[PDB]
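First comes the structure, then the notes that go with it.
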Amino acid sequence: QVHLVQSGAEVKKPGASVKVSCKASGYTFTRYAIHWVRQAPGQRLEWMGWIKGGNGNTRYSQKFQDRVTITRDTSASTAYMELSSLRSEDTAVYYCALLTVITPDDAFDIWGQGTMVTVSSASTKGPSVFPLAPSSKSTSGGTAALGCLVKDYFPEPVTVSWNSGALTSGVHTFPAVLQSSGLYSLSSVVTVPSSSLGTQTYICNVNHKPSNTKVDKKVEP
Amino acid sequence: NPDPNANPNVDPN
Amino acid sequence: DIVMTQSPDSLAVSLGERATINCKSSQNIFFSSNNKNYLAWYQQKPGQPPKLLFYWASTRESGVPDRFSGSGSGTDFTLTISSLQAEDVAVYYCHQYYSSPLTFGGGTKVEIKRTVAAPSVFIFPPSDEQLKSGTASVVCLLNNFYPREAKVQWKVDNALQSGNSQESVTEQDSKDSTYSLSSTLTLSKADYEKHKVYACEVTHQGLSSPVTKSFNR
Ligand SMILES: [Zn+2]
Ligand SMILES: [Zn+2]
């Protein structure tokens, strides 16, 4: 099994740098070249550069030559990629990959799991959790909608479960929106039987790991 | 004609 | 530099039907010496790395189902899914390795197509807790609808608002293949309490009439 595991997520401010690791295993590391491809949120895949495992030869994309630096450590069988002079537009999931390894015999293609690099000036901030109360204006027949505003947090992500995950049906946690303040805001809903509002308690469970935030908010009618 | 160093992992053999 | 253009940006085809993704290269990527197009087709599901489906345009990577088909040559290429499964709902990228820099297409969002479903529209007033913090967010919820386009119009004192509210759409649901949409109208506490009617009008082709959910104060 040929595995490329790569480093955890990083959050950097503009002007800083990031070094992203790519540990290779399951094959003879000096044989193949590791490519680096980034993908901005909702964007296409963008190739940045490659390096040969044993030679150390590099080729950079023209868009990044002046900030990117891919290196080799044959001792650790690990590939590194250092993007300098970071910009919010560098916010992307960075992949290392053995792209289209087409040898005379068998062909294969293997990618790292992804490193989410977030470039923003916002400081880490826990979310404010506001209840979206169910009422006559959030009922459709026998069903009632209720939810929670998870507003003004950095960075991504937040986890929202309902009744500690015991309520799964009709739960819709929306993708967070990047507000003009640099902070994120999302908002998770659930539709339930409208008379169950008097017999159940409904809790959204907001987990924000980067800020150590565990907020349990009760949604009253 | 194609660049063999565009992707070294592609050996045109 | 070699621009890879995919068509369409998004297609919705029903279960067991046929899916064709088109891809056009800015430059011919065919090497006459070895008779091979330097094209690659990738599949990527949300939150996962891309998966190589086809190399040399038509050569299939080991373990790819035979319903997938890579075709085309020169500048025009095609990825064909003969009978779509729910496992094939992903973004598909064409990729050239003919010259540097390596480029990918814009991607093609392949989605499950089902029957037109109407949205269940709900509206939420700002919680007291939020108004204490100086801000008021009004949320209009569109639950389980299809197709993906809906039109959400915010009306304040019946005056249509414009570009002044933020909207978020879900992934296609795994069970009923519908979408959900949440439109958030954010105002200051003053602005909120200087107005009376807050309404979101929703247009959808599952609706024979745009629906409005209102509330006062
Ligand atoms: Zn729902
Ligand atoms: Zn007014």
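Here's how to read the names in the structure tokens: chain A, B, ... by the order shown, residue numbers from 1 in each chain, ligand numbers from 1 in the order shown.
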
* To do: Select the residues contacting ligand 1 at a distance of at most 8 Å, based on only C-alpha atoms and all ligand atoms, then format the selection as a ChimeraX atom specification.
  => /A:169-172,189-191 /C:143-144,180

* To do: List all protein, DNA and RNA residues that have any atom at most 6 Å from ligand 2, counting only C-alpha atoms and all ligand atoms, and write the list as an MDAnalysis selection string.
  => chainID C and resid 157 194:195

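The nearest approach to residue 92 of chain A among the residues A:54, A:42, A:141, A:155, with only C-alpha atoms taken into account, belongs to A:42.
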
* Near residue 21 of chain C, counting only C-alpha atoms, which residues have an atom at most 10 Å away, once you skip same-chain residues fewer than 4 positions from it, shown as number ranges by chain? -> C: 6-11, 70, 77-81, 92-94, 107-110

Please produce a file of the residues just selected, as an mmCIF file, in the first residue's frame, where the atoms kept are N, CA and C atoms.
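The new file selection13.cif reads:
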data_model
loop_
_atom_site.group_PDB
_atom_site.id
_atom_site.type_symbol
_atom_site.label_atom_id
_atom_site.label_comp_id
_atom_site.auth_asym_id
_atom_site.auth_seq_id
_atom_site.Cartn_x
_atom_site.Cartn_y
_atom_site.Cartn_z
ATOM 1 N N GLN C 6 -14.237 22.820 -19.279
ATOM 2 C CA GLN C 6 -15.194 21.735 -19.131
ATOM 3 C C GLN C 6 -16.613 22.241 -19.356
ATOM 4 N N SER C 7 -17.445 21.377 -19.939
ATOM 5 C CA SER C 7 -18.826 21.711 -20.231
ATOM 6 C C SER C 7 -19.700 20.501 -19.920
ATOM 7 N N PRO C 8 -20.796 20.682 -19.170
ATOM 8 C CA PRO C 8 -21.145 21.970 -18.567
ATOM 9 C C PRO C 8 -20.495 22.143 -17.199
ATOM 10 N N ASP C 9 -20.726 23.289 -16.553
ATOM 11 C CA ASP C 9 -20.276 23.450 -15.175
ATOM 12 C C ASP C 9 -20.968 22.451 -14.259
ATOM 13 N N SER C 10 -22.233 22.153 -14.537
ATOM 14 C CA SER C 10 -23.020 21.260 -13.700
ATOM 15 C C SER C 10 -24.087 20.588 -14.547
ATOM 16 N N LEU C 11 -24.213 19.272 -14.403
ATOM 17 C CA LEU C 11 -25.301 18.527 -15.015
ATOM 18 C C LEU C 11 -26.008 17.709 -13.947
ATOM 19 N N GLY C 70 -13.833 7.053 -21.233
ATOM 20 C CA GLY C 70 -13.055 8.189 -21.701
ATOM 21 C C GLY C 70 -12.904 8.129 -23.208
ATOM 22 N N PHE C 77 -12.505 16.246 -25.748
ATOM 23 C CA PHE C 77 -12.534 15.014 -24.976
ATOM 24 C C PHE C 77 -13.875 14.884 -24.271
ATOM 25 N N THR C 78 -14.180 13.660 -23.845
ATOM 26 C CA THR C 78 -15.477 13.356 -23.257
ATOM 27 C C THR C 78 -15.323 12.273 -22.200
ATOM 28 N N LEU C 79 -15.953 12.485 -21.047
ATOM 29 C CA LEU C 79 -16.088 11.468 -20.013
ATOM 30 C C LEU C 79 -17.548 11.041 -19.962
ATOM 31 N N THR C 80 -17.796 9.746 -20.135
ATOM 32 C CA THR C 80 -19.147 9.212 -20.237
ATOM 33 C C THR C 80 -19.406 8.225 -19.109
ATOM 34 N N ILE C 81 -20.512 8.424 -18.399
ATOM 35 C CA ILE C 81 -21.016 7.476 -17.411
ATOM 36 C C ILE C 81 -22.294 6.882 -17.986
ATOM 37 N N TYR C 92 -15.989 16.226 -11.572
ATOM 38 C CA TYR C 92 -15.081 15.546 -12.484
ATOM 39 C C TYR C 92 -14.179 16.567 -13.164
ATOM 40 N N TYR C 93 -12.873 16.326 -13.100
ATOM 41 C CA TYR C 93 -11.867 17.225 -13.648
ATOM 42 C C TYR C 93 -11.120 16.525 -14.772
ATOM 43 N N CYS C 94 -10.989 17.201 -15.908
ATOM 44 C CA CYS C 94 -10.044 16.771 -16.926
ATOM 45 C C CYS C 94 -8.708 17.452 -16.673
ATOM 46 N N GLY C 107 -13.908 21.784 -13.693
ATOM 47 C CA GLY C 107 -14.723 20.801 -13.002
ATOM 48 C C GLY C 107 -16.150 20.784 -13.508
ATOM 49 N N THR C 108 -16.788 19.627 -13.365
ATOM 50 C CA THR C 108 -18.180 19.444 -13.762
ATOM 51 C C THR C 108 -18.922 18.790 -12.606
ATOM 52 N N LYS C 109 -19.853 19.529 -12.009
ATOM 53 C CA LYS C 109 -20.647 19.025 -10.895
ATOM 54 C C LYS C 109 -21.720 18.089 -11.437
ATOM 55 N N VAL C 110 -21.607 16.805 -11.121
ATOM 56 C CA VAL C 110 -22.590 15.805 -11.521
ATOM 57 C C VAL C 110 -23.515 15.558 -10.338
#

* **For segment 173-182 of chain A: contacts at 6 Å, only C-alpha atoms, fewer than 5 positions along chain excluded, given as JSON, numbers by chain** => {"A": [122, 187, 188], "C": [170]}

If we count only C-alpha atoms, what is near residue 13 of chain B at a cut-off of 12 Å, once residues fewer than 2 positions away on the same chain are taken out, given as a JSON list (two decimals) with C-alpha atoms, in the first residue's frame?
[["chain", "number", "residue", "atom", "x", "y", "z"],
["A", 102, "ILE", "CA", 2.53, 5.91, -15.86],
["A", 103, "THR", "CA", 5.35, 3.36, -16.00],
["A", 104, "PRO", "CA", 5.67, 0.81, -18.87],
["A", 105, "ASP", "CA", 3.68, -1.77, -16.80],
["B", 4, "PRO", "CA", 8.72, 15.15, -20.67],
["B", 8, "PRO", "CA", 8.27, 13.27, -14.62],
["B", 9, "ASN", "CA", 5.94, 10.51, -13.42],
["B", 10, "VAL", "CA", 4.79, 10.10, -17.04],
["B", 11, "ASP", "CA", 7.52, 8.02, -18.76],
["C", 33, "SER", "CA", 4.97, 9.60, -32.09],
["C", 34, "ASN", "CA", 3.20, 7.39, -29.53]]
